[PDB]
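Taking it in order: structure first as structure tokens, then the write-up.
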Amino acid sequence: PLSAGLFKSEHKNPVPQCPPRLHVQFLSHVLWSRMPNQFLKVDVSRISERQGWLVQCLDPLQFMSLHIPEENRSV
Amino acid sequence: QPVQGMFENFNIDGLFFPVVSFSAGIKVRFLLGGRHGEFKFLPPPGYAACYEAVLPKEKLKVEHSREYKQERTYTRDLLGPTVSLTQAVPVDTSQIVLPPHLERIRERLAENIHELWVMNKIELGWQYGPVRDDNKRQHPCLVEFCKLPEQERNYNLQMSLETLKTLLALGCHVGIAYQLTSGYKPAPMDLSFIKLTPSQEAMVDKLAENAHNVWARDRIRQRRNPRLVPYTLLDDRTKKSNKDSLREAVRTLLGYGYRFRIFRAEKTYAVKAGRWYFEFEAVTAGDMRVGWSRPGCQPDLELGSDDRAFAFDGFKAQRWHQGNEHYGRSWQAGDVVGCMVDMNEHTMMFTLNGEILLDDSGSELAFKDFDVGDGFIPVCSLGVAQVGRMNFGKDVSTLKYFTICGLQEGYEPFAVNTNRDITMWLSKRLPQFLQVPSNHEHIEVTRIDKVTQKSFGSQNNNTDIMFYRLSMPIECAXXXXXXXXXXXXXXXXXXXXXXXXXXXXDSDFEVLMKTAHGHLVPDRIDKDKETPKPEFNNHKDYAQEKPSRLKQXXXXXXXXXXXXX
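Quick mapping for you: the protein sequence lines, in order, are chains A and B.
Everything in the first sequence is counted per the working numbering, starting at 212 for the first residue and increasing by one.
Everything in the second sequence is counted per the working numbering, starting at 848 for the first residue and increasing by one.
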């Protein structure tokens, strides 16, 4: 029945209130990314054969990703 | 056998390309034609291949689509933004009238082109005959202008008029200032004696460019030909040939006499005491700055603009702070520069290939009497098409100019006593959504509270478009999802209704006037209702609900869509 009454815990409140989480966010550019200290280390063919363009990577690599659900974003 | 799915109605704009994405434990093999790969099946009727899509006279190699995804040592070629590289029309000629005072000169130059195109054939020795063909070595255009009809005269004069039109439209006005044959002597004057000025050389060059451009625009209708490729990408040999063939005309004419990216160390490696030194190698010589920034610097502003960064540039040979002052000399392609900071004495120095930089005042150190603040982090900024390499120490065998200067003075590397390499925090390109800060200009948002509103407020002199968005989105899974935009008068607007389980976040893309009081209000009539209440000058602001979309530009169309089947 309301905007705020659909993405919160309760829904049977027909009163239009604004919780402190609802704050405007602008598409900004002041941000930093982190470069991993260990990449996938993939070699492609190193022979460049005539039977196709090869790529091969057997060494695995995993990392832990935090997930903000209210923003639906992984970091 | 094919699949039952295609992504129709998608954004046709952009440079598409084949791409594979693999996690680990993978052995993939793409298959092109020719020497690149080996086709095992047949292509669809008419569909070409990537081995033909490759540019002529260019080696095709595979590379990481994202970035320099090379698990290597510190000798990684860190690069900033890139130019378009021209990865994706003739000049206007007939837009000017034909003056009559040079119409005879145009006749004589057209007949000059005619006699040149016939002597081109008498080089091979063609014969005069009534039939037209090439392999038979004969040409019916061996008669002179008195007997030849005007339609073929018009066809031969077409090329002459176009080439003279481009010559006159090139920016400079052009006014007034034996052999055994069957009876024809092609010999207007001497050609090898005279010499063509470089101005006319470049003029006829652009003339031939335009000629080949219009020829290609005519040939694209007649598939995937090197001649169909534009003249700027044509083969140099045919370029030279066409160039001299079309420059013989001007020889005859003159004969008779008519987004930067900022990289840095991790802010937790801030230093407040000691002598620290780090190297920066620059392969190119474009826009590059290097230095030490406090742990509050902006990744979007130029390095060294505000007090939050102590930088130095080689593109202008000056140190970068609040203001500018000439310092040191510039570098070349493939140089190195070592930056030193003594925090106990508060001195900053730069050595270009061992030579300590010097200003006009005669002080070896760049900056003096700067507070330690929160520390200093090694930082560089690379503009468009730049290639650099940082070295925070940890490799003295590769620290070339460190043993020459700094080691005897008492300067130690940045990461000499370090076991794991630095994180190398870079400036990201994706413009994520951030909360409006209090200490910001031209973006001020209040909060009032009957109904609750979140009004806006601004003050500046430069206008632009902002992309405001709410914090929490609305999801629907898995029921009916329909987004309807209804105006105050009626619901006569664009209505989108296609979402299986998406989290549509409310947003408004607004333009900034001098006074912008447009805001968002959560109201209620029968269901969830958000009213983006605007104010005066409401003609280019949009308000809708959007999933994750992060693109900074200025458009309302081509918003990257798709429809699966």
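Backbone N, C-alpha and C define an ideal beta-carbon position, used for all residues, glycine too.
Beta-carbon of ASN224 of chain A versus every beta-carbon of chain B: anything under 7 Å? no
Nearest to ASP860 of chain B (by Cα), restricted to the options B:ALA935, B:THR922, B:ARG882, B:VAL875: B:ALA935
Beta carbon of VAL1219 of chain B nearer than 7 Å to that of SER1140 of chain B: no
Would you be able to state if there are at least three C-beta pairs under 8 Å between the region 894–905 of chain B and the region 1206–1221 of chain B? no
Closest to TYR1174 of chain B by C-alpha separation, out of B:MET1050, B:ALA1158, B:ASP1182, B:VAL1188, would be which residue? When only C-alpha atoms are compared, the closest one is B:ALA1158.
Neighbouring residues, chain A, relative to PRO1379 of chain B (Cβ below 8 Å): Those do not exist, as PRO1379 of chain B stays about 11 Å from chain A at its closest Cβ, beyond 8 Å.
Measure the Cβ-Cβ separation of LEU1199 of chain B and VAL1188 of chain B and say whether it is below 7 Å. no
Tell me the start and end of each unbroken beta strand (DSSP E) in the region 858–924 of chain B that is at least 3 residues and wholly inside, in chain order. 873–877
What span of residues does the alpha helix (DSSP H) with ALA1096 of chain B cover, start to end? 1083–1103
Give me the Cα-Cα distance between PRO212 of chain A and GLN1399 of chain B, rounded to the nearest whole angstrom. 33 Å
Compare the C-beta of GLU885 of chain B with all C-beta atoms of chain A and state if any pair is closer than 7 Å. yes
Leaving aside the five residues before and after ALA1390 of chain B along the sequence, list all residues of the same chain whose C-beta is less than 7 Å from its C-beta, in chain order. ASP1355, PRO1379
DSSP bridge partner residues for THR1194 of chain B (one or two, in chain order): Per DSSP, the beta-bridge partners of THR1194 of chain B are B:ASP1189, B:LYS1215.
Expected contact under 8 Å - CB spacing of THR1265 of chain B and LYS1301 of chain B to nearest Å: Separation of the CB atoms of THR1265 of chain B and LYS1301 of chain B is rounded to 47 Å, and the pair is thereby denied contact status at 8 Å.
Give the straight-line distance between the Cα atoms of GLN917 of chain B and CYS1186 of chain B, rounded to the nearest whole angstrom. Approximately 27 Å between the Cα atoms of the pair.
Between the alpha carbons of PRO1035 of chain B and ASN959 of chain B, how many angstroms are there, rounded? 7 Å
Answer yes if the region 1048–1056 of chain B comes into contact with the region 874–892 of chain B, meaning at least three C-beta pairs across the two stretches below 8 Å, and no otherwise. no
Proximity of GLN1169 of chain B and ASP1154 of chain B at Cβ, strictly below 7 Å: yes
Output, in chain order, the set of chain A residues within a Cβ distance shorter than 8 Å of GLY872 of chain B. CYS268, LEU269, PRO271
Checking 7 Å against the spacing of the C-beta atoms, do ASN1057 of chain B and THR1013 of chain B come in under that value? yes
Taking only three categories from DSSP, how would you classify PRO1045 of chain B? helix
For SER276 of chain A and chain B, any beta-carbon pair shorter than 7 Å? no
Return the CA-CA distance between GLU1192 of chain B and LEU1229 of chain B, expressed in angstroms with no decimal places. 29 Å
Along the region 1286–1320 of chain B, where does the CB come closer than 7 Å to a CB of chain A? Name the residues. For the region 1286–1320 of chain B, which is checked against every Cβ of chain A, the residues closer than 7 Å are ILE1290, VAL1292, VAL1298, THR1299, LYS1301, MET1313, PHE1314, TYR1315, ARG1316, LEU1317, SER1318, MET1319, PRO1320.
List the DSSP bridge partners of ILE1312 of chain B. B:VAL1358
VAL1283 of chain B versus chain A: which residues are under 8 Å apart at the beta carbon? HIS234, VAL235, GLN236, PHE237
Is there a Cβ from chain A that is less than 7 Å from the Cβ of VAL1226 of chain B? no
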